[PDB]
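K.L.:
experimental structure below, sequence on top.
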Amino acid sequence: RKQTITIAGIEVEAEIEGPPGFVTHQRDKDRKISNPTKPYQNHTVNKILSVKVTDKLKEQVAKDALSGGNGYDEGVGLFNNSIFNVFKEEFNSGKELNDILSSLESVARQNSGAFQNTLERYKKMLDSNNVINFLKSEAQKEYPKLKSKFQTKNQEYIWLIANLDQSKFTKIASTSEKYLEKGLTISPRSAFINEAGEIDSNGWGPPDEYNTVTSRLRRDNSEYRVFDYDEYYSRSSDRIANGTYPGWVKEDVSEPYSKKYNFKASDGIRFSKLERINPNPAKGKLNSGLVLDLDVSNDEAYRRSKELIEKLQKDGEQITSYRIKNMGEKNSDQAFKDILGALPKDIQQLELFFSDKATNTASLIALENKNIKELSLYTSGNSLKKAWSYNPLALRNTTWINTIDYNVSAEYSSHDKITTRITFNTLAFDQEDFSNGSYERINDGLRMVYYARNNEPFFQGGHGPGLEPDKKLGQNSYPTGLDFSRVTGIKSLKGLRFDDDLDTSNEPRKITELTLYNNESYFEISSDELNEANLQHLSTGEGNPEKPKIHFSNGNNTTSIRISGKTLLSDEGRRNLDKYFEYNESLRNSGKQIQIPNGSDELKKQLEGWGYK
């Protein structure tokens, strides 16, 4: 312990710790609910607990925020950036002082979002406040007269930034000094000057050996991916659509196969070869791979896909990637269980491109040996729509689901196709997961996501990790929706567990949303409401303005909750009945109850259970 590390060129003494290992339990192996081939770990690199800050270090961290340093934020520092450099070059021209007019024209024409974005980084100093004159170079003689002689506020305070002296700014602000004691240096892009003539920021970064995000993405792209690459970057939408990878080259080879298996180039079946540009002799695992492309929006490729997938198997030609494109694009009820079930028991890669006008992920691939560290769940539509679900049991013997290749931003054009991995906040169980009145297969599938594989990015849903994903599984995100629309016997959270069997080491999960099957205008329920699991449907937390949701597969539930059986409600029976009226809109509107003709009318608000509409 108690070593030295470098953080700004400067060598510094620091307290350093190794990342806690993911503790797998032997019950996570014997239920086949842990990762099937290799235990994943999220924190690949060490932690900095404290850094001995010194005058020599914090003035180096000051000079980097002014210059940009020599890293990625070079050319966006306080006195070396695109707006500051365009203003200094005009002051360096031979013209008279009123060329300030042309600098203002360079903020009205096209650049109105680069100024009024860089301006803020000076503005807290730039508004005079009885301080600005001490940080104003030789222009301190001109300022007190010339202040009266400006035609617009911007034309004035442009003349402050273009005449500030960099040599005055060797002081760090009180908050940004404490992040430096945690070992995170001011980002030169996030640096601003506050009121007191001192450098502060809205952003701080570790040294790259201590970055948790890029070291994880590097490790995943270099060893979990088939068609691996040495970088940490996600693939572009054009790379994802064309099926191309850094350090690999693609050739179309469809002609021999089209001649063997009798298809036209228009029939929507393709074969392509990938080969690594520098081959790797040192381990025989993969240097080239045959890839099968099936555009199932075509009707020849859909008709023949199962036949072709089997003719390639009995001929013994080996496929490294199957790519199934436009699933559900033409017809949203289009089935795939017969096609996905015809694929080999042992597969290197599977890319599925689902249509978001279908959002039909109902096909299930559990009873296999292996997806060899690749399943890609992709769309060319809206990938963060609340109607995106997976069955958690459908991934049981998939080693890694692709969670990189995330390509969503506000800055894309509308009306072009962009491809990305799906964000899932829903777990959706299917009818074959509830055969004998047993709740066993669901509690396995539920804990798979919520604890047994939770340290992996895919099982975290759309919000990602906490501070320590491998240790404190409770502090991490999870899919907060449950859908039971396919599994008609479930009426409640009865028989469902939301904690790890343990308790003192982890948070218990809370769901925000619950979809239930219903078939009639009445929600029929037994007197199990005494023992529906109660506090487990409570959003993320207790104080929130927005309450959690209940939904039904029909929406016709504007007739009552029909309460059946003779047994009286308890105190938690009352509390559970409230939630179905509160959390479901089309029940909330009138609060209607039905008691079928037995018992006392222990409740005082209901109809006599007619069943007529």
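P.N.:
All right, it came through fine. Numbering: from 1, shown residues only.
K.L.:
go through this protein and flag its longest helix.
P.N.:
Ranked by number of residues, the top helix in the chain under DSSP state H is helix 299-314.
K.L.:
hmm, who's touching the helix or strand following that helix?
P.N.:
Following helix 299-314 in sequence order, the next helix or strand is strand 321-327 (DSSP states H and E). Contact partners of strand 321-327, identified using CB atoms under 8 Å, 6 or more residues apart in numbering, comprise 226-227, 243, 274, 289, 291-297, 305, 309, 334, 336, 339, 343, 347-355, 358, 360. Any C-beta I mention is one placed from the backbone N, CA and C, and that applies to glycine too.
K.L.:
for stretch 266-286, same thing?
P.N.:
By CB under 8 Å, 6+ apart, stretch 266-286 touches 226-227, 243, 245, 247-254, 257-258, 261, 263, 287-298, 300-301, 304, 308, 320-321, 348.
K.L.:
can you flag the buried ones in the residues you listed?
P.N.:
The neighbour-count test (16 or more other CB atoms under 10 Å) marks 226-227, 243, 245, 248, 254, 257-258, 261, 263, 289-298, 301, 304, 308, 320-321, 348 as buried among those.
K.L.:
these in helices, which ones?
P.N.:
254, 257-258, 301, 304, 308.
K.L.:
pick the one among those closest to residue 134.
P.N.:
residue 254 (72.5 Å; CB to CB).
K.L.:
can you give me the neighbour number for the closest residue in space to residue 611 that isn't next to it in sequence?
P.N.:
Nearest non-adjacent residue to residue 611, counting by CB to CB, 6 or more residues apart in numbering: residue 522, 7.3 Å away. Residue 522 has 22 neighbours, counted by other CB atoms under 10 Å.
K.L.:
for residue 522, give me its contacts.
P.N.:
Applying CB under 8 Å, 6+ apart, we find residue 522 in contact with 557, 559-562, 594, 611.
K.L.:
for it, phi and psi?
P.N.:
With angles defined as degrees, to the nearest 10, residue 522 sits at phi -100, psi 140.
K.L.:
how much space separates it from residue 584?
P.N.:
13 Å (CB to CB, to the nearest Å).
K.L.:
give me the common contacts of the two.
P.N.:
Overlap of the contact sets of residue 522 and residue 584 (by CB under 8 Å, 6+ apart) consists of residue 557.
K.L.:
nearest residue to the spatially most central residue of the chain other than its sequence neighbours?
P.N.:
For the chain, residue 462 is the residue whose C-alpha lies nearest the centre (CA atoms, centre = their mean; 3.9 Å). Closest residue to residue 462 apart from its sequence neighbours, by CB to CB, 6+ apart: residue 423 at 4.2 Å.
K.L.:
and the residue nearest to residue 207 when sequence neighbours are not counted, which of the three is it?
P.N.:
Once flanking residues are discounted, residue 207 sits nearest to residue 7: 5.2 Å by CB to CB, 6+ apart. What DSSP: H, G, I helix; E, B strand; the rest coil gives for residue 7 is strand.
K.L.:
ditto for residue 586
P.N.:
Criterion first, three-state DSSP; result for residue 586: helix.
K.L.:
that one against residue 558, yeah?
P.N.:
Yes - Residue 586 is within contact range of residue 558, at 5.5 Å (criterion: CB atoms under 8 Å).
K.L.:
could you say which helix or strand holds the residue of the chain most remote from its centre?
P.N.:
For the chain, the residue at maximal distance from the C-alpha centroid (CA atoms, centre = their mean) is residue 145, at 55.3 Å. In this assignment (DSSP H and E), residue 145 forms part of helix 143-146.
K.L.:
which of the residues in that helix are buried?
P.N.:
Under the neighbour-count criterion of 16+ other CB under 10 Å, helix 143-146 has residue 143 buried.
K.L.:
just the CA trace of that helix, in CSV.
P.N.:
Provided in CSV are the C-alpha atoms of helix 143-146 (Å, rounded to 0.1, in the frame of the first residue of the first chain):
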residue,chain,number,x,y,z
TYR,A,143,-10.0,50.0,-19.5
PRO,A,144,-11.3,52.8,-17.1
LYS,A,145,-11.6,55.3,-20.0
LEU,A,146,-12.6,52.9,-22.8
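K.L.:
shouldn't residue 427 be within a strand?
P.N.:
Yes - assessed with three-state DSSP, residue 427 lies in a strand.
K.L.:
tell me how many other residues crowd it.
P.N.:
Using other CB under 10 Å, residue 427 has 26 neighbouring residues.
K.L.:
residues contacting it?
P.N.:
Residues counted as contacts of residue 427 (CB under 8 Å, 6+ apart) are 389-392, 445-446, 449, 479, 481-483.
K.L.:
against residue 485, how distant is it?
P.N.:
To residue 485, residue 427 is 12 Å away according to CB to CB.
K.L.:
with residue 224 instead?
P.N.:
33 Å.
K.L.:
next one: phi and psi at residue 580?
P.N.:
According to degrees, to the nearest 10, residue 580 has phi -60, psi -30.
K.L.:
quick check: it vs residue 11, distance?
P.N.:
64 Å.
K.L.:
those two - which one has more neighbours?
P.N.:
residue 580 (22 against 12).
K.L.:
before we move on, what SS does residue 64 have?
P.N.:
Reduced to three states with three-state DSSP, the structure at residue 64 is helix.
K.L.:
did I read that right, residue 272 in a strand?
P.N.:
Yes - counting by three-state DSSP, residue 272 is part of a strand.
K.L.:
look up how far residue 373 lies from it.
P.N.:
With CB to CB as the criterion, residue 272 and residue 373 are 21 Å apart.
K.L.:
burial check on residue 470, number of neighbours?
P.N.:
With neighbours defined by other CB under 10 Å, the count for residue 470 comes to 21.
K.L.:
tell me who's in contact with the nearest residue to residue 554 once chain neighbours are set aside.
P.N.:
In this structure, residue 554 finds its nearest non-sequential neighbour in residue 518, 5.1 Å apart by CB to CB, 6+ apart. If a contact means CB under 8 Å, 6+ apart, then residue 518 has 552-554, 556-557 as its contacts.
K.L.:
how about a cut-off of 7 Å?
P.N.:
Counting by CB atoms under 7 Å, 6 or more residues apart in numbering, residue 518 touches 552-554, 557.
K.L.:
of these, closest to residue 132?
P.N.:
Among the contacts of residue 518, and counting by CB to CB, the member closest to residue 132 is residue 552, at 63.6 Å.
K.L.:
ok, that closest one - contacts?
P.N.:
By CB under 7 Å, 6+ apart, residue 552 lies in contact with 516, 518, 523.
K.L.:
which one of those residues is nearest residue 107?
P.N.:
For those, the nearest to residue 107 is residue 516 (56.4 Å; CB to CB).
K.L.:
how does the protein divide into domains?
P.N.:
4-209, 214-509 (automatic domain parsing).
K.L.:
for residue 544, which of the ones you listed is the nearest?
P.N.:
For the domains of the chain, proximity to residue 544 was assessed by CB to CB; domain 214-509 is nearest, at 12.4 Å.
K.L.:
how far does that closest one sit from the chain's center?
P.N.:
15 Å (CA atoms, centre = their mean, to the nearest Å).
K.L.:
any buried residues in stretch 71-89, and which?
P.N.:
Buried residues in stretch 71-89, defined by neighbour count with 16+ other CB under 10 Å: 73, 76-81, 83-84, 87.
K.L.:
now tabulate these in CSV and tack on secondary structure.
P.N.:
Compiled in CSV, the buried residues of stretch 71-89 are given as follows (three-state DSSP):
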residue, secondary structure
73, coil
76, strand
77, strand
78, coil
79, coil
80, strand
81, strand
83, helix
84, helix
87, helix
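K.L.:
residue contacts, residue 11?
P.N.:
Contacts here follow CB under 7 Å, 6+ apart; on that basis residue 11 touches residue 4.
K.L.:
at 8 Å what do you get?
P.N.:
Taking CB under 8 Å, 6+ apart, we find residue 11 in contact with 4-5.
K.L.:
that one belongs to a strand?
P.N.:
Yes - under three-state DSSP, residue 11 falls within a strand.
K.L.:
perfect, I'm done here.
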